[PDB]
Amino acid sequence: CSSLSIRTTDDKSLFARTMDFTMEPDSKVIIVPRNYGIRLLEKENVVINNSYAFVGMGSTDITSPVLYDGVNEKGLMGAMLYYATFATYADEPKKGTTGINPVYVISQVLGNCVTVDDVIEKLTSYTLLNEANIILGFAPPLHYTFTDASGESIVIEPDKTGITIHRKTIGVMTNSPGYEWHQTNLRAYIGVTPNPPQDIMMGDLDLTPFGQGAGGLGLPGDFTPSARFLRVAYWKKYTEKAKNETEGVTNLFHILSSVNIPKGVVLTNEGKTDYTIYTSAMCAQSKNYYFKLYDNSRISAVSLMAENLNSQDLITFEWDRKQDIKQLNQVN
């Protein structure tokens, strides 16, 4: 998975992510209403009451709705992404803290926080535990990112020595390794720019580029997390600034198209295909949720505020998994 957040020229904040995985667990956009209540653990029945409503992609087939990403009624946006070989969860809660399943952190944070400071507060009172789940069969190695309505972004990583928190980040996150490693890794590639190198001479040979794009020499094109991070990071820097929210979604999807994995190009050791199942964006100010699927290139939008936020039911919207082609003339 890959993600970033941009800030538009009309002071809107947006967050976007791609979901790469080897299977498609039953998913849909979930609107969770105020006061529905999210569990902390699958084996413990304590349920926290959520103050805020929120919208995002998630699963509704374990006790509480698990969200993969989403936006608040207060503008907090967040996502949980893979963090293989680095995520380490405790076996029993730390003293004075309550246990929490890694899969419920986005739901809980989105339901009760407004700010990145608040997120820092809340996770400080919990202990990510090694509790499994029936949708996967185990507690997945995760790391999380949040961006409030102001634009500030944080990265929370469950490291071996504990919860590591990164503040005022560049607003880019993919998978392992840790955030500090990738941020340092940026320094190796500051030569990657949009501008062409100067033509040089070898003897009497005048050497010139083949076309355009030669300033990018050095950028890796593979789909590892390190290469995905650099491409999102450098294309975030140099892509034109969005002037409004719809441009923001457009530009964000254009940036994530460089890290979009077609089916068949990346296989795991188990021989399974890891591909970009869906791509989504969200705007803090408007609280609109946008998504496109591997099979459908047309963007769909759901508005949080338009629903009844005191509903007693989860409001869900189904994936339209057909290429939504516009026929200009009665096409076969």
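The first residue of the sequence shown is number 1, and the count goes up from there.
- The modelled chain breaks after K74 and resumes at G75, leaving 10 or more residues of the deposited sequence without coordinates.
- Two stretches are in play, 38-46 and 23-31, and the higher mean C-alpha B-factor belongs to 38-46.
- Comparing 286-294 with 266-274, the higher mean C-alpha B-factor in the PDB entry belongs to 266-274.
- Considering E240, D199, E245, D117 together, the PDB entry gives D117 the largest C-alpha B factor.
- Of the candidates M80, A214, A87, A233, the PDB record gives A87 the highest C-alpha temperature factor.
- The deposited CA B-factor of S311 belongs to the highest third of values across its chain.
- Placement of the Cα temperature factor of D324 within the chain: lowest third of the modelled residues, per the deposited record.
- Split the chain's modelled residues into thirds by C-alpha temperature factor. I134 is in the highest one.
- Sort the modelled residues of the chain by CA B factor and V55 lands in the middle third.
- The entry lists a Cα temperature factor for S3 that places it in the lowest third of the chain's modelled residues.
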